[PDB]
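Below is the file start_34.txt, which contains compact mmCIF, C-alpha atoms.
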```txt
# COMPACT_ATOMS: atom_id res chain seq x y z
CA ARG A 5 131.28 95.74 134.69
CA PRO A 6 131.40 95.59 130.82
CA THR A 7 134.39 96.77 128.81
CA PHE A 8 133.68 99.53 126.28
CA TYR A 9 135.34 100.12 122.91
CA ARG A 10 135.08 103.17 120.66
CA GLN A 11 134.86 103.54 116.87
CA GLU A 12 133.73 106.07 114.27
CA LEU A 13 130.52 105.34 112.36
CA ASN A 14 128.77 107.96 110.22
CA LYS A 15 130.07 111.26 111.64
CA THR A 16 130.20 110.48 115.37
CA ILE A 17 131.80 108.30 118.04
CA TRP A 18 130.02 105.08 119.02
CA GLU A 19 131.18 103.74 122.38
CA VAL A 20 129.54 100.43 123.26
CA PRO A 21 130.15 97.23 125.29
CA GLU A 22 132.41 94.72 123.53
CA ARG A 23 129.57 92.18 123.53
CA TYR A 24 128.19 94.18 120.57
CA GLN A 25 130.33 93.48 117.48
CA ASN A 26 130.25 94.22 113.75
CA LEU A 27 128.31 97.50 114.01
CA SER A 28 127.03 98.87 110.70
CA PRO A 29 124.58 101.78 110.07
CA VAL A 30 121.04 100.94 108.94
CA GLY A 31 119.50 104.42 109.24
CA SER A 32 119.06 107.59 111.31
CA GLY A 33 115.68 109.09 112.24
CA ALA A 34 114.83 112.37 114.00
CA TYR A 35 115.36 111.04 117.52
CA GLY A 36 118.46 108.87 117.00
CA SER A 37 120.81 106.96 114.68
CA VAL A 38 120.58 103.17 114.48
CA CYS A 39 123.28 100.53 113.95
CA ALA A 40 122.84 96.79 113.45
CA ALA A 41 125.22 94.62 115.49
CA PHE A 42 125.92 91.07 116.67
CA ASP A 43 125.50 90.39 120.40
CA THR A 44 128.04 87.74 121.43
CA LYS A 45 126.37 87.10 124.81
CA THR A 46 122.92 86.08 123.53
CA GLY A 47 124.09 85.28 119.98
CA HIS A 48 121.42 87.52 118.40
CA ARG A 49 121.52 90.26 115.80
CA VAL A 50 120.46 93.54 117.45
CA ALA A 51 119.67 97.17 116.71
CA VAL A 52 121.66 99.75 118.70
CA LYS A 53 120.13 103.24 118.78
CA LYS A 54 122.16 106.24 119.94
CA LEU A 55 119.81 109.06 120.98
CA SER A 56 120.52 112.49 119.46
CA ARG A 57 121.20 115.34 121.89
CA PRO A 58 118.92 113.73 124.54
CA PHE A 59 119.19 116.65 127.01
CA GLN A 60 119.20 119.64 124.62
CA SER A 61 116.17 121.23 126.30
CA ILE A 62 113.53 120.49 128.95
CA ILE A 63 111.20 119.33 126.15
CA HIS A 64 113.79 116.82 124.93
CA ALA A 65 115.01 115.77 128.40
CA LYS A 66 111.45 115.01 129.51
CA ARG A 67 110.92 113.17 126.20
CA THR A 68 114.02 111.01 126.75
CA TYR A 69 112.87 110.12 130.28
CA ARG A 70 109.29 109.45 129.18
CA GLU A 71 110.39 107.08 126.41
CA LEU A 72 112.99 105.24 128.50
CA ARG A 73 110.42 104.76 131.28
CA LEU A 74 107.90 103.29 128.84
CA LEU A 75 110.39 101.06 126.98
CA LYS A 76 111.59 99.57 130.29
CA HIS A 77 108.04 98.92 131.49
CA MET A 78 106.78 97.09 128.38
CA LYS A 79 107.39 93.34 128.78
CA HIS A 80 105.08 91.39 126.47
CA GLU A 81 105.52 89.03 123.50
CA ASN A 82 103.53 91.31 121.13
CA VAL A 83 105.22 94.57 122.17
CA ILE A 84 108.78 95.74 121.43
CA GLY A 85 110.99 95.09 124.46
CA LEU A 86 114.29 96.62 125.60
CA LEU A 87 117.23 94.18 125.55
CA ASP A 88 119.71 96.69 126.98
CA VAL A 89 120.32 100.36 127.74
CA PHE A 90 123.72 101.84 128.53
CA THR A 91 125.91 104.92 128.73
CA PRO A 92 129.74 104.99 128.39
CA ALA A 93 129.77 107.55 131.23
CA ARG A 94 131.15 106.30 134.55
CA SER A 95 129.38 109.07 136.48
CA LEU A 96 126.45 111.49 136.34
CA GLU A 97 128.99 114.33 135.98
CA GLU A 98 130.22 112.78 132.69
CA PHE A 99 126.76 111.63 131.52
CA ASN A 100 125.81 112.71 127.98
CA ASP A 101 124.98 109.72 125.75
CA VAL A 102 122.20 107.11 125.97
CA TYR A 103 122.05 103.93 123.87
CA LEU A 104 118.99 101.65 123.51
CA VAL A 105 119.34 98.03 122.37
CA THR A 106 116.46 96.06 120.81
CA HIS A 107 116.00 92.95 118.65
CA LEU A 108 116.72 93.68 114.99
CA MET A 109 113.16 93.86 113.68
CA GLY A 110 112.33 92.34 110.29
CA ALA A 111 109.74 93.54 107.78
CA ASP A 112 106.74 95.64 108.80
CA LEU A 113 103.18 94.68 107.91
CA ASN A 114 103.09 96.66 104.63
CA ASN A 115 105.75 94.29 103.23
CA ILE A 116 103.36 91.37 103.78
CA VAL A 117 100.41 93.26 102.25
CA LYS A 118 101.54 93.62 98.63
CA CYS A 119 98.01 94.79 97.71
CA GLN A 120 96.71 91.21 98.06
CA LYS A 121 94.00 89.53 100.14
CA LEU A 122 95.56 87.62 103.04
CA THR A 123 93.84 84.35 103.94
CA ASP A 124 91.31 84.61 106.77
CA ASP A 125 93.42 82.35 109.00
CA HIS A 126 96.39 84.68 108.43
CA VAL A 127 94.30 87.75 109.29
CA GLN A 128 92.90 86.07 112.42
CA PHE A 129 96.39 85.40 113.78
CA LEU A 130 97.78 88.87 112.99
CA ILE A 131 94.80 90.80 114.39
CA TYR A 132 94.69 88.52 117.45
CA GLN A 133 98.31 89.41 118.24
CA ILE A 134 97.74 93.16 117.75
CA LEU A 135 94.77 93.12 120.16
CA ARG A 136 96.68 90.99 122.66
CA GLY A 137 99.47 93.60 122.57
CA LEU A 138 96.98 96.49 122.84
CA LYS A 139 95.23 94.94 125.85
CA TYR A 140 98.61 94.93 127.61
CA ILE A 141 99.45 98.50 126.56
CA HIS A 142 96.01 99.88 127.47
CA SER A 143 96.13 98.20 130.91
CA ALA A 144 99.12 100.47 131.69
CA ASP A 145 96.99 103.55 130.88
CA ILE A 146 98.88 104.15 127.63
CA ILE A 147 97.30 105.06 124.27
CA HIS A 148 99.22 104.72 120.99
CA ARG A 149 97.19 107.20 118.88
CA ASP A 150 99.12 106.61 115.62
CA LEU A 151 98.86 102.86 115.03
CA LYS A 152 99.48 101.87 111.41
CA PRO A 153 100.96 98.92 109.41
CA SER A 154 104.46 100.46 109.51
CA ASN A 155 104.36 100.38 113.35
CA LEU A 156 103.88 96.59 113.25
CA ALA A 157 106.78 94.15 112.82
CA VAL A 158 106.12 90.61 111.61
CA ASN A 159 108.69 87.80 111.43
CA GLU A 160 108.89 84.70 109.23
CA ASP A 161 106.54 82.80 111.58
CA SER A 162 103.89 85.59 111.43
CA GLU A 163 104.68 86.56 115.04
CA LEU A 164 103.87 90.24 115.52
CA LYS A 165 105.22 93.05 117.70
CA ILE A 166 103.94 96.61 118.10
CA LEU A 167 106.96 98.82 117.44
CA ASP A 168 106.12 102.32 118.74
CA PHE A 169 103.92 103.89 121.43
CA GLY A 170 103.04 107.11 119.59
CA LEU A 171 105.31 109.36 121.70
CA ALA A 184 102.65 111.08 106.64
CA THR A 185 99.33 109.18 106.70
CA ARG A 186 95.98 109.90 108.38
CA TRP A 187 94.33 106.83 106.84
CA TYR A 188 94.31 104.89 110.14
CA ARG A 189 93.59 107.75 112.55
CA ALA A 190 90.33 107.79 114.54
CA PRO A 191 87.95 110.62 113.48
CA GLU A 192 87.39 111.90 117.04
CA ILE A 193 91.10 112.82 117.30
CA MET A 194 91.19 114.13 113.71
CA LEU A 195 88.22 116.44 114.28
CA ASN A 196 89.21 117.31 117.87
CA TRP A 197 85.94 116.18 119.48
CA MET A 198 87.43 115.97 123.00
CA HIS A 199 85.47 112.72 123.34
CA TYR A 200 87.92 109.82 123.13
CA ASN A 201 89.40 106.93 125.10
CA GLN A 202 91.75 103.99 124.49
CA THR A 203 89.44 102.72 121.70
CA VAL A 204 91.08 105.27 119.36
CA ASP A 205 93.61 102.47 118.73
CA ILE A 206 90.78 99.99 118.03
CA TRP A 207 89.65 102.19 115.13
CA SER A 208 93.16 101.84 113.67
CA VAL A 209 93.02 98.05 114.16
CA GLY A 210 89.73 97.99 112.21
CA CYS A 211 91.30 99.92 109.33
CA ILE A 212 94.28 97.52 109.29
CA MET A 213 92.11 94.37 109.43
CA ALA A 214 89.89 95.55 106.54
CA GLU A 215 92.97 96.25 104.41
CA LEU A 216 94.42 92.79 105.17
CA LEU A 217 91.11 91.21 104.11
CA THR A 218 90.60 93.20 100.88
CA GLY A 219 94.18 94.13 99.97
CA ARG A 220 93.08 97.78 99.73
CA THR A 221 93.30 100.72 102.11
CA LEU A 222 89.83 101.23 103.58
CA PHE A 223 89.76 105.04 103.79
CA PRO A 224 92.44 106.43 101.39
CA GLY A 225 91.70 110.13 101.90
CA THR A 226 93.66 112.78 99.99
CA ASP A 227 93.15 115.30 102.81
CA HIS A 228 91.32 115.95 106.09
CA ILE A 229 88.06 116.75 104.26
CA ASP A 230 88.10 113.75 101.91
CA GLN A 231 89.09 111.50 104.84
CA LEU A 232 85.87 112.31 106.73
CA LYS A 233 83.64 111.89 103.67
CA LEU A 234 85.05 108.42 102.93
CA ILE A 235 84.52 107.41 106.57
CA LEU A 236 80.91 108.65 106.76
CA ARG A 237 80.18 106.87 103.46
CA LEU A 238 80.75 103.53 105.21
CA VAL A 239 79.71 104.13 108.85
CA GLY A 240 77.00 106.79 108.35
CA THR A 241 76.58 110.27 109.85
CA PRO A 242 76.68 110.69 113.68
CA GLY A 243 73.38 110.22 115.54
CA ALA A 244 71.95 112.83 117.92
CA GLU A 245 73.19 110.71 120.85
CA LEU A 246 76.82 111.24 119.79
CA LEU A 247 76.28 114.88 118.71
CA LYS A 248 75.53 116.05 122.26
CA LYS A 249 78.66 114.33 123.64
CA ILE A 250 80.90 116.41 121.35
CA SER A 251 81.99 119.42 123.42
CA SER A 252 83.15 122.18 121.06
CA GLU A 253 80.36 123.88 119.09
CA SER A 254 82.73 124.25 116.12
CA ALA A 255 83.18 120.48 115.77
CA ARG A 256 79.47 120.00 116.52
CA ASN A 257 78.36 122.49 113.85
CA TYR A 258 80.87 121.14 111.32
CA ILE A 259 79.20 117.72 111.65
CA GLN A 260 75.69 119.20 111.43
CA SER A 261 76.55 120.77 108.05
CA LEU A 262 77.26 117.51 106.18
CA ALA A 263 74.24 115.69 104.74
CA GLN A 264 72.80 112.53 106.30
CA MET A 265 74.35 109.23 105.20
CA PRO A 266 73.18 105.66 106.04
CA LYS A 267 75.47 103.11 107.67
CA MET A 268 76.34 100.61 104.94
CA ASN A 269 76.00 96.83 105.17
CA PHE A 270 79.61 95.71 105.75
CA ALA A 271 78.84 92.24 104.31
CA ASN A 272 78.42 93.90 100.89
CA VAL A 273 81.67 95.87 101.32
CA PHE A 274 83.67 92.79 102.39
CA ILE A 275 82.14 90.23 100.02
CA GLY A 276 83.04 86.58 100.68
CA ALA A 277 84.63 87.41 104.05
CA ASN A 278 84.18 85.26 107.14
CA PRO A 279 80.88 86.53 108.70
CA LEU A 280 82.58 86.65 112.12
CA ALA A 281 85.22 88.98 110.63
CA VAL A 282 82.51 91.27 109.22
CA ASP A 283 80.76 91.37 112.60
CA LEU A 284 83.98 92.29 114.47
CA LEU A 285 84.69 95.04 111.92
CA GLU A 286 81.19 96.45 112.55
CA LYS A 287 82.03 96.71 116.27
CA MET A 288 85.44 98.30 115.60
CA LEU A 289 84.44 100.97 113.08
CA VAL A 290 81.89 103.02 115.01
CA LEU A 291 82.23 106.76 115.61
CA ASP A 292 81.03 106.80 119.23
CA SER A 293 84.08 105.85 121.33
CA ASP A 294 81.77 104.99 124.26
CA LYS A 295 80.28 102.18 122.14
CA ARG A 296 83.46 101.09 120.30
CA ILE A 297 84.70 97.60 121.24
CA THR A 298 87.75 97.53 123.55
CA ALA A 299 90.82 95.30 123.17
CA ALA A 300 89.76 92.88 125.93
CA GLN A 301 86.25 92.61 124.44
CA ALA A 302 87.58 92.03 120.91
CA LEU A 303 89.81 89.18 122.14
CA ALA A 304 86.66 87.41 123.41
CA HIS A 305 84.95 87.69 120.00
CA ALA A 306 84.10 84.38 118.27
CA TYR A 307 86.39 85.29 115.34
CA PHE A 308 89.40 84.48 117.57
CA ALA A 309 87.84 81.32 119.08
CA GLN A 310 90.81 79.11 118.20
CA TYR A 311 93.43 81.52 119.65
CA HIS A 312 91.65 83.09 122.63
CA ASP A 313 92.84 82.03 126.08
CA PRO A 314 92.07 84.49 128.94
CA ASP A 315 94.92 83.10 131.05
CA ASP A 316 97.42 83.82 128.24
CA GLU A 317 96.43 87.45 127.60
CA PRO A 318 98.25 89.31 130.42
CA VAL A 319 97.89 92.87 131.68
CA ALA A 320 100.78 95.20 132.56
CA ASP A 321 102.05 95.95 136.05
CA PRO A 322 100.67 99.30 137.34
CA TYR A 323 102.44 102.18 135.59
CA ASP A 324 103.35 105.32 137.55
CA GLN A 325 103.03 108.40 135.32
CA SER A 326 103.03 111.06 138.06
CA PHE A 327 106.18 112.59 136.51
CA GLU A 328 104.06 114.02 133.67
CA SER A 329 102.64 116.77 135.89
CA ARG A 330 105.94 117.76 137.56
CA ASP A 331 107.94 120.84 136.53
CA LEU A 332 111.67 120.25 137.07
CA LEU A 333 114.93 121.86 135.98
CA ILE A 334 116.92 120.29 133.15
CA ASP A 335 119.57 118.67 135.38
CA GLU A 336 116.83 116.83 137.32
CA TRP A 337 115.35 115.35 134.13
CA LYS A 338 118.87 114.20 133.20
CA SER A 339 119.45 112.82 136.72
CA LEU A 340 116.21 110.78 136.56
CA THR A 341 117.22 109.35 133.16
CA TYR A 342 120.68 108.43 134.51
CA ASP A 343 119.00 106.50 137.36
CA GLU A 344 116.90 104.53 134.87
CA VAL A 345 119.99 103.67 132.80
CA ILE A 346 122.30 102.42 135.57
CA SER A 347 119.55 100.48 137.39
CA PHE A 348 118.44 98.63 134.23
CA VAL A 349 118.17 94.85 134.62
CA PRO A 350 117.85 92.66 131.45
CA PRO A 351 114.59 90.61 131.20
CA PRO A 352 114.87 86.93 132.28
CA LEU A 353 115.72 85.41 128.89
```
Kindly present the structure from the file in structure tokens form.
Amino acid sequence: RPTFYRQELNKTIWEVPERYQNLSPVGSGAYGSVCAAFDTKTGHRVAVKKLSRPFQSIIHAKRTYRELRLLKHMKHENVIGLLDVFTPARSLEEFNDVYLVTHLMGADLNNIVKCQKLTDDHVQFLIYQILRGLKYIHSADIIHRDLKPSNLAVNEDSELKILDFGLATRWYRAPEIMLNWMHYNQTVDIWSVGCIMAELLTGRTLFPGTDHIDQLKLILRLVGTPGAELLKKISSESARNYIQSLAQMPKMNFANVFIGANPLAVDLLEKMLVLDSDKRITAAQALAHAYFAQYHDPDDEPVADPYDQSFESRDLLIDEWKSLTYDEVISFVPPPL
């Protein structure tokens, strides 16, 4: 249906619907190159990403499909959504290029945290929105695994969206995935949320480790060494023995570490930053914590539709991966705006 027009930007052809005007490069990452544009239909500024060599191998073809499937599925106020996806190809035989369109995201959360204490009311609202987003994501059996301030967009009204899905810094990474304990669940992302919240409250990174070793030491300084209960849940003897080497450390009183902070905030942090992922608070549980009393509404914290991930275990040829992606592109329907 739409008319396409072609132009040179950077060192390649961009061929996009005429609704998108005034394209100008903003950057280019490992996966794709990104242009800002003006959408004349909706009247918004947008980001147009052209994927790089999406079907170069089976690894990359499966990656393209995986990401497109997830981006299409995610429909929630606190999670990046897909405005449009298109190809200039008029058939599968001519299919090569894939373009993703999203809202032009403003500053990330680091920009807001200029090494200063945010007000408690500000922290409440930001952390509420992250957890609300995570509840949705986790309900689709997805784990982020690399949640950090730079993966969080915030606009002028303090409205927050989670930018990536985890398809530089280890400061926010849960220890059970650092140390390869093979004892983890979705609460790996909750650890990250705890690190982010603490930083927002103090203005300082909670565990600024210089390397893997120093990271662990800093963590155990605050939360204490693992108890026998957790030791026997860790599978590998290497990880088990490595923990048994380090000397015993008491769990610290968080109220002394976060002096002056809302006592409800301290209590939530204590539930977030525990080593045993079987005892770590989940997103749904954290939303019901008294800290978020003013924001919490169970009927306005939705879960995702069931998410079919059976493709992960299939072994297909490269043309099949490309064919499946093509299907997802041409059958795309914009969200009801």
Practice prompt. Pick out the residues sitting within 10 Å of residue A:18, and hand them over as a PyMOL selection string; count only C-alpha atoms, and ignore anything fewer than 2 positions along from it in its own chain.
Written response: chain A and resi 8-16+20+27+39+52+54+92+101+103
**OP:** Identify the residues within 12 Å of coordinate (94.8, 81.6, 108.2) (same frame as the file), considering only C-alpha atoms, and give the answer as JSON, numbers by chain.
**Re:** {"A": [121, 122, 123, 124, 125, 126, 127, 128, 129, 130, 131, 132, 162, 216, 217, 278, 307, 308, 310, 311]}
Distance criterion (all atoms listed in the file): nearest to residue A:141 out of A:249, A:305, A:79, A:330: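 Smallest distance to residue A:141 is found for A:79.
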Taken to one decimal, the atom CA of residue A:264-atom CA of residue A:244 distance is 11.7 Å
Of A:63, A:319, A:166, A:84, the one sitting nearest residue A:144 when using only C-alpha atoms is A:319
Quick one: residues within 12 Å of residue A:62, all atoms listed in the file, excluding same-chain residues fewer than 5 positions away - as a PyMOL selection string?
chain A and resi 57+67-70+330-338
Here atom CA of residue A:42 and atom CA of residue A:7 stand apart by 15.9 Å
Open item on the list: For a test of reading the model, state the distance in Å between atom CA of residue A:17 and atom CA of residue A:100, rounded to one decimal.
Closed with: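 If I compute the distance from atom CA of residue A:17 to atom CA of residue A:100, I get 12.4 Å.
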Selected residue of minimal separation from residue A:140 among A:89, A:263, A:271, A:83, counting all atoms listed in the file: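 Distance minimum relative to residue A:140 lands on A:83.
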Please provide as a list in words all residues within 8 Å of residue A:148, with the sequence filter that same-chain residues fewer than 3 positions apart are discarded (counting only C-alpha atoms).
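Contacts, in chain order: residues 151, 168, 169, 170, 171 and 205 of chain A.
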Within 9 Å of residue A:265, counting all atoms listed in the file, which residues show up once you throw out same-chain ones fewer than 6 positions away? Write them as a PDB file with C-alpha atoms, keeping the file's coordinate frame, please.
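Just written: around-v2.pdb:
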```pdb
ATOM      1  CA  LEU A 236      80.910 108.650 106.760  1.00  0.00           C
ATOM      2  CA  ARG A 237      80.180 106.870 103.460  1.00  0.00           C
ATOM      3  CA  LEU A 238      80.750 103.530 105.210  1.00  0.00           C
ATOM      4  CA  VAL A 239      79.710 104.130 108.850  1.00  0.00           C
ATOM      5  CA  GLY A 240      77.000 106.790 108.350  1.00  0.00           C
ATOM      6  CA  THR A 241      76.580 110.270 109.850  1.00  0.00           C
ATOM      7  CA  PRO A 242      76.680 110.690 113.680  1.00  0.00           C
TER       8      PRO A 242
END
```
Discussion item. Taking only C-alpha atoms into account, name the residue in A:220, A:53, A:152, A:5 that is nearest to residue A:31.
Written reply: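 Of all the options, A:53 lies closest to residue A:31.
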**Asked** If we count all atoms listed in the file, what is near residue A:317 at a cut-off of 9 Å, once residues fewer than 4 positions away on the same chain are taken out, given as number ranges by chain?
**Response** A: 136-137, 139-140, 300, 303, 312-313
Exercise for the section: Neighbourhood query: residues within 10 Å of (97.5, 103.6, 115.2), file coordinates, counting only C-alpha atoms; return as a list in words. Expected result: residues 147, 148, 149, 150, 151, 152, 153, 154, 155, 156, 166, 168, 169, 170, 186, 187, 188, 189, 190, 204, 205, 206, 207, 208, 209, 211 and 212 of chain A
query = From the list A:117, A:349, A:87, A:280, which residue is nearest residue A:49 when using only C-alpha atoms?
reply =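 When distances to residue A:49 are compared using only C-alpha atoms, the smallest one comes from A:87.
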Since the input is missing atoms for stretch 129-141 of chain A, could you rebuild it with N, CA, C and O atoms and give the result as a PDB file, in the frame of the given file?
```pdb
ATOM      1  N   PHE A 129      95.207  85.506 112.943  1.00  0.00           N
ATOM      2  CA  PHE A 129      96.390  85.400 113.780  1.00  0.00           C
ATOM      3  C   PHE A 129      97.033  86.767 113.975  1.00  0.00           C
ATOM      4  O   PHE A 129      97.432  87.095 115.089  1.00  0.00           O
ATOM      5  N   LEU A 130      97.119  87.570 112.905  1.00  0.00           N
ATOM      6  CA  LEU A 130      97.780  88.870 112.990  1.00  0.00           C
ATOM      7  C   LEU A 130      96.962  89.820 113.868  1.00  0.00           C
ATOM      8  O   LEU A 130      97.520  90.500 114.727  1.00  0.00           O
ATOM      9  N   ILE A 131      95.644  89.873 113.647  1.00  0.00           N
ATOM     10  CA  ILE A 131      94.800  90.800 114.390  1.00  0.00           C
ATOM     11  C   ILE A 131      94.709  90.350 115.848  1.00  0.00           C
ATOM     12  O   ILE A 131      94.723  91.192 116.738  1.00  0.00           O
ATOM     13  N   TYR A 132      94.656  89.034 116.091  1.00  0.00           N
ATOM     14  CA  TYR A 132      94.690  88.520 117.450  1.00  0.00           C
ATOM     15  C   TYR A 132      95.892  89.090 118.200  1.00  0.00           C
ATOM     16  O   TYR A 132      95.747  89.611 119.303  1.00  0.00           O
ATOM     17  N   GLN A 133      97.078  88.981 117.598  1.00  0.00           N
ATOM     18  CA  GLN A 133      98.310  89.410 118.240  1.00  0.00           C
ATOM     19  C   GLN A 133      98.323  90.922 118.489  1.00  0.00           C
ATOM     20  O   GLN A 133      98.820  91.361 119.524  1.00  0.00           O
ATOM     21  N   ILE A 134      97.792  91.721 117.554  1.00  0.00           N
ATOM     22  CA  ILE A 134      97.740  93.160 117.750  1.00  0.00           C
ATOM     23  C   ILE A 134      96.887  93.484 118.979  1.00  0.00           C
ATOM     24  O   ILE A 134      97.279  94.295 119.814  1.00  0.00           O
ATOM     25  N   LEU A 135      95.706  92.857 119.070  1.00  0.00           N
ATOM     26  CA  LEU A 135      94.770  93.120 120.160  1.00  0.00           C
ATOM     27  C   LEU A 135      95.354  92.661 121.491  1.00  0.00           C
ATOM     28  O   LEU A 135      95.136  93.286 122.524  1.00  0.00           O
ATOM     29  N   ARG A 136      96.068  91.541 121.462  1.00  0.00           N
ATOM     30  CA  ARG A 136      96.680  90.990 122.660  1.00  0.00           C
ATOM     31  C   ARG A 136      97.715  91.991 123.185  1.00  0.00           C
ATOM     32  O   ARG A 136      97.756  92.265 124.380  1.00  0.00           O
ATOM     33  N   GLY A 137      98.531  92.533 122.270  1.00  0.00           N
ATOM     34  CA  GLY A 137      99.470  93.600 122.570  1.00  0.00           C
ATOM     35  C   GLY A 137      98.796  94.866 123.086  1.00  0.00           C
ATOM     36  O   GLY A 137      99.280  95.462 124.045  1.00  0.00           O
ATOM     37  N   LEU A 138      97.678  95.268 122.459  1.00  0.00           N
ATOM     38  CA  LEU A 138      96.980  96.490 122.840  1.00  0.00           C
ATOM     39  C   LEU A 138      96.349  96.359 124.218  1.00  0.00           C
ATOM     40  O   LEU A 138      96.355  97.322 124.978  1.00  0.00           O
ATOM     41  N   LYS A 139      95.792  95.181 124.533  1.00  0.00           N
ATOM     42  CA  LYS A 139      95.230  94.940 125.850  1.00  0.00           C
ATOM     43  C   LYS A 139      96.277  95.211 126.929  1.00  0.00           C
ATOM     44  O   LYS A 139      95.967  95.797 127.971  1.00  0.00           O
ATOM     45  N   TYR A 140      97.503  94.728 126.686  1.00  0.00           N
ATOM     46  CA  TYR A 140      98.610  94.930 127.610  1.00  0.00           C
ATOM     47  C   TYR A 140      98.911  96.421 127.733  1.00  0.00           C
ATOM     48  O   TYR A 140      98.965  96.951 128.837  1.00  0.00           O
ATOM     49  N   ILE A 141      99.070  97.096 126.593  1.00  0.00           N
ATOM     50  CA  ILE A 141      99.450  98.500 126.560  1.00  0.00           C
ATOM     51  C   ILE A 141      98.388  99.365 127.236  1.00  0.00           C
ATOM     52  O   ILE A 141      98.724 100.265 128.004  1.00  0.00           O
TER      53      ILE A 141
END
```
